[PDB]
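Notes for the one structure printed next.
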Amino acid sequence: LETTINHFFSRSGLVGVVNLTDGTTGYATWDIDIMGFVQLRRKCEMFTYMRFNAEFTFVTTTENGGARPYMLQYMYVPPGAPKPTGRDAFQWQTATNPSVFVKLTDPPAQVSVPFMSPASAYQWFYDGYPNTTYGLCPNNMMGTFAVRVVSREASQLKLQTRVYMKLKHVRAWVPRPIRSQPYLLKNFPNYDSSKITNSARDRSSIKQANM
Amino acid sequence: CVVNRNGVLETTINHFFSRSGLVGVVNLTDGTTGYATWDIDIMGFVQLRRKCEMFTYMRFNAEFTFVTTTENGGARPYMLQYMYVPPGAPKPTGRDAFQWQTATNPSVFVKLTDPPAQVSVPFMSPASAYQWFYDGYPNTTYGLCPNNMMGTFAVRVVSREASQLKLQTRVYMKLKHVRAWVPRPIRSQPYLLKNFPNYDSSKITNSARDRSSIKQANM
Amino acid sequence: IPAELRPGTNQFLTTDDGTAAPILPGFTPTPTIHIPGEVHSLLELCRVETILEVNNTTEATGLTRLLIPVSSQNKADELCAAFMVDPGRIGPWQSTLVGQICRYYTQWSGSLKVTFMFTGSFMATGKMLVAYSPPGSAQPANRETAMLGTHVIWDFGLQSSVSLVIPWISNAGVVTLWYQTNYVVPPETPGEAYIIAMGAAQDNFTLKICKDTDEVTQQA
Amino acid sequence: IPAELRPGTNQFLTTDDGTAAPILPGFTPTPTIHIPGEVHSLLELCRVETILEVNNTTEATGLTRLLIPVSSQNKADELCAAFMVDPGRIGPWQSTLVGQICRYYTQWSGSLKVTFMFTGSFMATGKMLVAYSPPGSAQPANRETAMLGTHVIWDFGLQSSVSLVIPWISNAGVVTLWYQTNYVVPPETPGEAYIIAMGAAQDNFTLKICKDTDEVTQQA
Amino acid sequence: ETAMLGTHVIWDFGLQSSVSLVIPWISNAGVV
Amino acid sequence: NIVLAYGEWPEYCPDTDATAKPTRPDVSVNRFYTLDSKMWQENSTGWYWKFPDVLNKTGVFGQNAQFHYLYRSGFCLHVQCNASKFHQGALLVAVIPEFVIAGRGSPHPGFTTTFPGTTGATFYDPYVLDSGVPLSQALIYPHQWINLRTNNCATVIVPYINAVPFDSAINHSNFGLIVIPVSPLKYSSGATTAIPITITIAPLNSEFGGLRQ
Amino acid sequence: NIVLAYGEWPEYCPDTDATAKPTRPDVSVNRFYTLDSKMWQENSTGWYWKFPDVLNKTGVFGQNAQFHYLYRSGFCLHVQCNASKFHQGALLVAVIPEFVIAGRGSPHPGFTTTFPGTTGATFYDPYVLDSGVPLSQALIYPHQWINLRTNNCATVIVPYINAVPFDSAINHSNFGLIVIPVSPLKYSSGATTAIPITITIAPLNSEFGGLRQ
């Protein structure tokens, strides 16, 4: 029951950290990408075509710890709409962007996202061209979140917000081996061939089984 | 790139209005009147106005939401009052007059620390449906339809003490069971008046940008 | 009975389907009647033929932008008019209806037809060539490299209006309009005419994720 | 109706199975197709044969670490190569696949097979001895104290590849490889060859409690 | 490259020791 | 040939309420009225009318729309034009419900601006229909081309499109009829300059109820 | 003998959408193409190709992948090598979908680095496959050993592995074919130094749709 592919991604983990610091922009944008930490990156590159929904959670504190009551706003941008620019621009009052208004003293918010690609499935490798135009797939755009505090008064809060992620109904198609070399770029497999790590530590000789 | 088809669940007329949006902003500022009135009209912003004038006869319920903050952000506990006036009753005048204790006006008492309030309104016109165009006379009496009156809200803080709050309240709107009857083309010219289609014919915007010539397909 | 509270306690999430309470209980709506029209869905708007702006160069003004001019001082093979097939990119398709609702609805696919018709005197007669180019490459250059495409030979004697079916555009395809024979008038007849262009969508035209528009700019 | 609230009111507990609300109601996913591959479960990865690092001493470098050298200057009984059977302990099994997924999944059990194959010329012929030792004691010392074990006599004339089944390892078992006869070449033939080693898992291989890995080190 | 687009017959020496080839319909000008 | 608007075939009352009663006039009112004929030139710009406002103070039907304050009918517009085979240009016939003249110059319009009478009014902005609506999108409506090389008639049947099933016939106005020359008219010299356009209107199933004076 | 990748037996379209239409070419395109033959030496390091990129500008199939922008096919790779019984060493045939050359030195790769043409490119890091993936784990893929003491052919059938059921044949690339000498080659002195490796490619069920120029 536990070696299956649905359970292999099922438990939730951290994916991101943002900072507001309203005194002074007043908001924080953040892209949707599961390639944030290397721990979840090394698992999900064992395959090539996946198909899966998602659901998030926003857990916020203050800088000191005292959680006075306020009212935030977690927006969402489907891929194709322009991102916000200032804290008071006209991209905060549209009807295509689903908003979630939650206080601070309440238990944390929760929202799910359906599968949002024109292809039949995502890809984690794309050989070709749609130098810098190499390997940039136009079919992984998922959106943003654009956290913004709600006031008229420009309150002096300094917040930090974490994003947790869970996957559901995962179906993976074809396998591939696990990457051994460490990472250098966020979106390219480059590996610094001046020095290569090995896959096994050395030992004395070939005739001594005791390591 | 795209070879398959898609669905028809999303192009329907019920889904075309179904998601909710902002429609209004009011201010209380009790120090000094002490209340704020606001009319019910969906012709507040141009984004919802340009959609709903693609038709001529609609029929639809509604449901609202009042989301309030303070000016700084600290939400101390208080108790507000969101009233409602069916069309025909006199609006409030002062904060303590006798139009706040009637029985025909449904009241909604909600604190500030609670999650925001929510209330729905049935269809309230003597006609079979609303109209967004009315040719005739019931100069200034032209095009003013007596069949779109829907009511007000008249937000008022509840005290005896005249507290020093300064609030701002937003109104969100959602539509339900929408049935639209006859089509019409989308307005291109910008707006000048709130309730008249006047368009300032001294200068006319075009519907397409220019280009080099007629023999060059590359724009 | 016991219960717990999951996350999602007091969130006001927009795009919601939970109900609410009525404010006027016992009230009856005024009863509906039978009225013509009655649009079930937006797809039966965007299959009705509308008039396409083609000649929106500088000089053309007012109502005349709609028309395409065909003169009698033309020799053979002089490439009368051309415009891309792009419902949503800024240009010729911006004045039509199917170029407006596609400014909503982020992705789209389907087939489009293009209908032309003619506004000349009864005596005159001239042939035209209506060629489509595939969306991989650029426009044709001569009469020979368009007749190898998807031409539809159209004259003025028998027919007065011709159609053309573009298969399966996506979210990049140029139609042209060549001269096959110079415009032949009888004497005492003005040797100029106009050709309007009409466009709509076929039945397999689908849409996707909603998106608020861009052409209207201001607020309140 | 009445209700109470137990402990567990507003806790956001990870590893949860309660649902949530959709953010795009009415939206349809793009419809799936039939694609090859389609892994149902991770157990059908770790039964596919992979190449085992054995000769990872200092001098061996690059691609040559994979191979095991067998020379013709050897007499009888000279103990060609040896390595422990330990899927997860750091060493020879660290480069293979079944040595990687067992860095997850805290406990494991099952049976493993080990496949060898040979890379010599067609003329040559020499016998080898592939002996397994039980996980209680140390490795054998001579040819006599290994032939009493679980030997499989393997030559090069008929067979070119031989297998060996290790029964029921747990969460400590040494295979060896002895010389039975020196490597016999004909004249004008290089008297060196290489033997690669392959490994996988059998069908009764099970896992347990998940655990995040250790080999990858950094973050972000 | 410009012969493999013709009427080639790949012939090796391991299995076969002799190969044939059929020229269709010469007349009274064709190079192998 | 004919174009039937929205697929209706207009009918009588659907056993309405607050009628015990409403009269059904005879064929004294079902006759083909013929309005006046305009003149269309090289520099002309358009025309429009209103219904049922152009039929008032006219005939037997004028003597019922000003002595009844409940009204319901459907019309049969029959636009026809006559020109020889040496002229060119194309008209456009459209029947738009709820037709509102807006007004110009950054100022409400006058009385005869919005209620023309029998002689119909002209446009000033034919490109935006005097309501800020482009003519390029203006064929959602029931339309029918008059093209001077093929045909010379355009028959439109209009049912009763209204929200309240009985409205008045003086203040309210059901719809209008626009005729817009899309193509300019050109012709070789020596021939006739002006080309006429005539209309024909006939009521279908007119009812009346409630009497005055 | 033969190795069939993932158990498919590749087929035609599954009654796809937006085809009314797509042509099915005759046996003018179903012929055994033979690419050039490399030379494998004592110090050689590897080769790879791309599909369907090595078949362009070649034959009848070159005259359809550059005048169509919808494409679907499956291939039949037939690798064969010839050597006498006095040589040794072992090859490795692997058919990997979605093969990405990464790039080295802490710097994107060039054009001819990632699209080789008919003459295939060589490696620089055969131990990590130029993508940071160890060769020890590299047999999950469809693989087939060429071992110079037992057999001399390796037949692989590849179906159409792709996300979108029709992609282009110029920009995108379906898969690649790597051939890596795991064993070094040694041989007694006096004999032939170089040993050739030849390929054979034949399309199975190629479709085409949508025409250019």
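The chains in the structure tokens are called A, B, ... from first to last as shown; in each chain the residues are counted from 1, and the ligands are counted from 1 in the order shown.
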
Q: Return the neighbours of chain E among the residues of chain G, cut-off 8 Å, counting only C-alpha atoms, as a ChimeraX atom specification.
A: /G:33-34,59

Q: Quick one: pick out all helix (DSSP H, G or I) residues within range 22-179 of chain F from a backbone DSSP run and write them as a ChimeraX atom specification.
A: /F:59-65,111-114,135-137

Q: Write out as a ChimeraX atom specification each polymer residue whose atoms come within 8 Å of range 39-43 of chain F, counting only C-alpha atoms; drop sequence neighbours fewer than 4 positions from it.
A: /F:184-186,193-197

Q) Could you pull out all residues of range 39-80 of chain G with a DSSP call of strand (DSSP E) and give them as a list in words? A) residues 39, 40, 47, 48, 49, 50, 51, 68, 69, 70, 71, 72, 75, 76, 77, 78, 79 and 80 of chain G

Give me the residues of chain G that have any atom at most 10 Å from an atom of chain A; for each, the nearest atom pair and the distance in Å, rounded to one decimal. Use only C-alpha atoms, sort by chain and number, and format it as a Markdown table.
| residue | atom | partner | partner_atom | distance |
| --- | --- | --- | --- | --- |
| G:6 | CA | A:174 | CA | 9.5 |
| G:50 | CA | A:127 | CA | 9.9 |
| G:96 | CA | A:176 | CA | 8.7 |
| G:97 | CA | A:48 | CA | 8.9 |
| G:98 | CA | A:125 | CA | 6.1 |
| G:99 | CA | A:127 | CA | 6.7 |
| G:100 | CA | A:127 | CA | 5.9 |
| G:101 | CA | A:189 | CA | 8.4 |
| G:102 | CA | A:190 | CA | 5.3 |
| G:103 | CA | A:190 | CA | 5.5 |
| G:104 | CA | A:192 | CA | 5.4 |
| G:105 | CA | A:192 | CA | 4.5 |
| G:106 | CA | A:192 | CA | 4.3 |
| G:107 | CA | A:190 | CA | 8.7 |
| G:108 | CA | A:131 | CA | 6.3 |
| G:109 | CA | A:131 | CA | 7.4 |
| G:110 | CA | A:131 | CA | 7.0 |
| G:111 | CA | A:131 | CA | 8.1 |
| G:114 | CA | A:128 | CA | 8.2 |
| G:115 | CA | A:128 | CA | 8.5 |
| G:124 | CA | A:193 | CA | 9.4 |
| G:125 | CA | A:193 | CA | 8.0 |
| G:127 | CA | A:196 | CA | 9.6 |
| G:128 | CA | A:181 | CA | 8.4 |
| G:130 | CA | A:190 | CA | 8.5 |
| G:131 | CA | A:189 | CA | 6.1 |
| G:132 | CA | A:181 | CA | 5.1 |
| G:133 | CA | A:179 | CA | 4.9 |
| G:134 | CA | A:180 | CA | 6.6 |
| G:135 | CA | A:177 | CA | 9.0 |
| G:136 | CA | A:199 | CA | 9.2 |
| G:137 | CA | A:177 | CA | 5.8 |
| G:138 | CA | A:177 | CA | 6.3 |
| G:139 | CA | A:177 | CA | 8.5 |
| G:140 | CA | A:176 | CA | 6.7 |
| G:141 | CA | A:176 | CA | 7.3 |
| G:161 | CA | A:174 | CA | 9.5 |
| G:162 | CA | A:49 | CA | 9.2 |
| G:163 | CA | A:120 | CA | 5.9 |
| G:164 | CA | A:119 | CA | 5.9 |
| G:165 | CA | A:120 | CA | 8.8 |
| G:170 | CA | A:128 | CA | 8.7 |
| G:171 | CA | A:128 | CA | 5.4 |
| G:172 | CA | A:128 | CA | 5.0 |
| G:173 | CA | A:127 | CA | 5.9 |
| G:174 | CA | A:127 | CA | 7.9 |
| G:175 | CA | A:127 | CA | 8.6 |

Q: Hey, list the chain C side of the contact with chain B: 7 Å cut-off, only C-alpha atoms, answer as an MDAnalysis selection string.
A: chainID C and resid 10 14:15 20:23 29:33 36:43 55:58 79:84 91:92 94:95 170 206:208 219:220

Q) Suppose you want the space between CA of residue 121 in chain C and CA of residue 144 in chain F; what is it in Å? A)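 For CA of residue 121 in chain C relative to CA of residue 144 in chain F, the distance reads 19.3 Å.
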
Within 9 Å of chain A, which residues of chain C show up? Give each one with its shortest atom-to-atom distance in Å (one decimal) and the two atoms involved, counting only C-alpha atoms, rows by chain then rising residue number, as a tab-separated table.
residue	atom	partner	partner_atom	distance
C:6	CA	A:107	CA	8.5
C:7	CA	A:108	CA	6.0
C:8	CA	A:109	CA	5.4
C:9	CA	A:107	CA	6.8
C:10	CA	A:102	CA	7.0
C:11	CA	A:102	CA	5.2
C:12	CA	A:101	CA	5.5
C:13	CA	A:100	CA	4.6
C:14	CA	A:98	CA	5.5
C:15	CA	A:98	CA	6.2
C:106	CA	A:80	CA	6.8
C:107	CA	A:118	CA	8.6
C:209	CA	A:78	CA	8.0
C:210	CA	A:96	CA	6.4
C:211	CA	A:96	CA	5.2
C:212	CA	A:96	CA	5.7
C:219	CA	A:90	CA	8.4

Q) Please, which residues of chain G lie no more than 7 Å from chain B when the count uses only C-alpha atoms, and can they be set out as a list in words? A)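 Here they are: residues 17, 18 and 167 of chain G.
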
Q.
I want to know what sits within 10 Å of residue 94 in chain B, based on only C-alpha atoms, with residues of the same chain fewer than 5 positions away left out; could you give that as a PyMOL selection string?
A. chain B and resi 33-35+99-100

Can you spit out the residues from that selection as a compact mmCIF listing (two decimals), in the first residue's frame, using N, CA, C and O atoms?
# COMPACT_ATOMS: atom_id res chain seq x y z
N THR B 33 -21.31 63.11 10.05
CA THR B 33 -22.65 62.57 9.85
C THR B 33 -22.88 61.33 10.71
O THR B 33 -23.76 61.32 11.58
N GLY B 34 -22.10 60.28 10.49
CA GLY B 34 -22.20 59.07 11.27
C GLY B 34 -22.75 57.87 10.53
O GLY B 34 -22.93 56.82 11.15
N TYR B 35 -23.03 57.99 9.24
CA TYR B 35 -23.55 56.88 8.47
C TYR B 35 -23.13 57.06 7.02
O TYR B 35 -22.45 58.03 6.67
N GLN B 99 -36.27 56.14 11.16
CA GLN B 99 -36.24 55.17 10.08
C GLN B 99 -35.29 54.02 10.35
O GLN B 99 -35.04 53.21 9.46
N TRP B 100 -34.76 53.93 11.57
CA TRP B 100 -33.89 52.83 11.95
C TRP B 100 -34.60 51.81 12.84
O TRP B 100 -33.99 50.81 13.22

Q: Counting only C-alpha atoms, collect the residues of chain C whose closest atom lies at most 6 Å from chain D, and write them out as a PyMOL selection string.
A: chain C and resi 1-5

Q: Could you list the residues in chain C lying within 10 Å of chain F, using only C-alpha atoms, and format the result as a count of residues only?
A: 50

Q | Within 7 Å of chain A: residues of chain B, using only C-alpha atoms, as a PyMOL selection string | A | chain B and resi 19-22+69-75

Output for the residues just chosen: N, CA and C atoms as a compact mmCIF listing (two decimals), in the first residue's frame:
# COMPACT_ATOMS: atom_id res chain seq x y z
N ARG B 19 -18.87 34.53 -11.62
CA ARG B 19 -17.87 34.85 -10.62
C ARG B 19 -18.06 36.28 -10.12
N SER B 20 -17.61 36.52 -8.89
CA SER B 20 -17.94 37.72 -8.15
C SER B 20 -16.87 38.80 -8.31
N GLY B 21 -17.30 40.06 -8.16
CA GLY B 21 -16.40 41.18 -8.30
C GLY B 21 -16.82 42.36 -7.45
N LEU B 22 -15.92 43.33 -7.35
CA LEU B 22 -16.16 44.55 -6.59
C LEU B 22 -17.18 45.42 -7.31
N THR B 69 -12.65 46.97 6.88
CA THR B 69 -11.44 47.15 7.67
C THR B 69 -11.55 48.46 8.42
N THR B 70 -10.53 48.78 9.20
CA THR B 70 -10.38 50.11 9.73
C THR B 70 -9.43 50.89 8.83
N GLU B 71 -9.01 52.07 9.27
CA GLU B 71 -8.06 52.84 8.49
C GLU B 71 -6.63 52.36 8.72
N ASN B 72 -6.27 52.07 9.97
CA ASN B 72 -4.94 51.55 10.26
C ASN B 72 -4.83 50.06 9.98
N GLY B 73 -5.79 49.28 10.47
CA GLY B 73 -5.75 47.84 10.27
C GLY B 73 -6.18 47.07 11.49
N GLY B 74 -5.96 47.64 12.68
CA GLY B 74 -6.36 47.01 13.92
C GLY B 74 -7.87 46.94 14.05
N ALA B 75 -8.42 45.73 14.06
CA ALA B 75 -9.86 45.52 14.06
C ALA B 75 -10.32 45.26 15.49

Q: Find the residue from F:76, F:70, F:153, F:13 that sits nearest to residue 210 in chain F; use only C-alpha atoms when measuring.
A: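 Between F:76, F:70, F:153, F:13, the residue approaching residue 210 in chain F most closely is F:70.
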
(Q) Please list as a PyMOL selection string every residue within 8 Å of residue 54 in chain G, counting only C-alpha atoms and excluding residues in the same chain fewer than 2 positions away. (A) chain G and resi 49-52+56+116-118

Q) Near residue 156 in chain G, counting only C-alpha atoms, which residues have an atom at most 9 Å away, once you skip same-chain residues fewer than 5 positions from it, shown as a list in words? A)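 In the requested form, the answer reads residues 2, 3, 4, 5, 75, 76, 77, 78, 79, 93, 94, 95, 142, 143 and 144 of chain G.
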
Residues of the last selection are to be written out with N, CA, C and O atoms, as a short mmCIF file (atom, residue, chain, number, x, y, z; two decimals), in the first residue's frame.
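As a result, again.cif now contains:
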data_model
loop_
_atom_site.label_atom_id
_atom_site.label_comp_id
_atom_site.auth_asym_id
_atom_site.auth_seq_id
_atom_site.Cartn_x
_atom_site.Cartn_y
_atom_site.Cartn_z
N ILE G 2 14.62 -9.65 -30.98
CA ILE G 2 14.21 -8.25 -31.04
C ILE G 2 13.74 -7.80 -29.67
O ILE G 2 13.35 -8.60 -28.82
N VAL G 3 13.79 -6.49 -29.45
CA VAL G 3 13.36 -5.88 -28.20
C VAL G 3 12.34 -4.82 -28.54
O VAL G 3 12.65 -3.86 -29.24
N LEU G 4 11.13 -4.99 -28.03
CA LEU G 4 10.03 -4.09 -28.33
C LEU G 4 9.87 -3.15 -27.14
O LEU G 4 9.66 -3.61 -26.01
N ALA G 5 9.98 -1.86 -27.39
CA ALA G 5 9.99 -0.86 -26.33
C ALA G 5 8.59 -0.71 -25.75
O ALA G 5 7.65 -0.39 -26.49
N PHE G 75 9.65 4.30 -35.44
CA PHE G 75 10.87 3.89 -36.12
C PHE G 75 11.28 2.47 -35.74
O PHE G 75 10.80 1.91 -34.75
N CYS G 76 12.17 1.91 -36.55
CA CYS G 76 12.68 0.55 -36.37
C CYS G 76 14.20 0.59 -36.51
O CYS G 76 14.73 0.42 -37.61
N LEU G 77 14.89 0.80 -35.40
CA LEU G 77 16.34 0.90 -35.43
C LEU G 77 16.95 -0.48 -35.53
O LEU G 77 16.51 -1.41 -34.85
N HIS G 78 17.96 -0.63 -36.39
CA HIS G 78 18.60 -1.92 -36.61
C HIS G 78 20.11 -1.71 -36.63
O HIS G 78 20.71 -1.51 -37.68
N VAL G 79 20.72 -1.78 -35.46
CA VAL G 79 22.15 -1.53 -35.32
C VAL G 79 22.90 -2.83 -35.58
O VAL G 79 22.56 -3.88 -35.03
N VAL G 93 23.46 -0.31 -26.62
CA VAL G 93 22.46 0.37 -27.44
C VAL G 93 21.32 0.77 -26.53
O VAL G 93 20.72 -0.08 -25.86
N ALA G 94 21.01 2.06 -26.50
CA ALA G 94 19.94 2.57 -25.66
C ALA G 94 19.17 3.64 -26.41
O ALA G 94 19.76 4.46 -27.12
N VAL G 95 17.86 3.62 -26.26
CA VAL G 95 16.96 4.54 -26.93
C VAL G 95 16.25 5.32 -25.84
O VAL G 95 15.32 4.82 -25.21
N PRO G 142 14.81 1.12 -22.76
CA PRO G 142 14.98 -0.04 -23.65
C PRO G 142 16.42 -0.16 -24.09
O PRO G 142 16.96 0.73 -24.76
N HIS G 143 17.06 -1.25 -23.69
CA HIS G 143 18.47 -1.46 -23.97
C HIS G 143 18.66 -2.83 -24.57
O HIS G 143 17.83 -3.73 -24.41
N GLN G 144 19.79 -3.00 -25.25
CA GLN G 144 20.12 -4.28 -25.87
C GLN G 144 21.62 -4.34 -26.09
O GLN G 144 22.18 -3.49 -26.79
#

Which residues are near residue 179 in chain D? Cut-off 8 Å, only C-alpha atoms, ignore same chain within fewer than 5 positions. Put them as a PDB file with N, CA and C atoms, in the first residue's frame.
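Once written, out_29.pdb looks like this:
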ATOM      1  N   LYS D  75      47.788 -17.388 -11.040  1.00  0.00           N
ATOM      2  CA  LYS D  75      47.787 -18.822 -10.795  1.00  0.00           C
ATOM      3  C   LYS D  75      46.400 -19.237 -10.323  1.00  0.00           C
ATOM      4  N   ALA D  76      46.273 -20.464  -9.839  1.00  0.00           N
ATOM      5  CA  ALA D  76      45.006 -20.902  -9.289  1.00  0.00           C
ATOM      6  C   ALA D  76      44.785 -20.229  -7.940  1.00  0.00           C
ATOM      7  N   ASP D  77      43.504 -20.058  -7.595  1.00  0.00           N
ATOM      8  CA  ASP D  77      43.040 -19.806  -6.225  1.00  0.00           C
ATOM      9  C   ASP D  77      43.531 -18.461  -5.679  1.00  0.00           C
ATOM     10  N   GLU D  78      43.332 -17.390  -6.447  1.00  0.00           N
ATOM     11  CA  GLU D  78      43.928 -16.110  -6.082  1.00  0.00           C
ATOM     12  C   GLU D  78      42.910 -15.019  -5.774  1.00  0.00           C
ATOM     13  N   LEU D  79      41.624 -15.364  -5.638  1.00  0.00           N
ATOM     14  CA  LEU D  79      40.587 -14.508  -5.042  1.00  0.00           C
ATOM     15  C   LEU D  79      40.432 -13.186  -5.808  1.00  0.00           C
ATOM     16  N   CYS D  80      39.818 -13.309  -6.990  1.00  0.00           N
ATOM     17  CA  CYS D  80      39.792 -12.224  -7.974  1.00  0.00           C
ATOM     18  C   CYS D  80      39.118 -10.961  -7.443  1.00  0.00           C
ATOM     19  N   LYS D 127      37.492 -21.391 -16.379  1.00  0.00           N
ATOM     20  CA  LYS D 127      36.447 -21.617 -15.393  1.00  0.00           C
ATOM     21  C   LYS D 127      36.582 -20.642 -14.235  1.00  0.00           C
ATOM     22  N   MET D 128      35.443 -20.293 -13.648  1.00  0.00           N
ATOM     23  CA  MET D 128      35.414 -19.441 -12.472  1.00  0.00           C
ATOM     24  C   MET D 128      34.534 -20.086 -11.422  1.00  0.00           C
ATOM     25  N   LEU D 129      34.679 -19.616 -10.190  1.00  0.00           N
ATOM     26  CA  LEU D 129      33.887 -20.108  -9.075  1.00  0.00           C
ATOM     27  C   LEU D 129      33.220 -18.917  -8.410  1.00  0.00           C
TER      28      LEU D 129
END

Q | Interatomic distance, CA of residue 216 in chain C to CA of residue 201 in chain B (Å, one decimal) | A |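 We find that CA of residue 216 in chain C and CA of residue 201 in chain B lie 17.9 Å from each other.
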
Q.
Just the number, please: distance in Å from CA of residue 130 in chain B to CA of residue 177 in chain F, one decimal.
A.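 Answer for the CA of residue 130 in chain B to CA of residue 177 in chain F separation: 23.5 Å.
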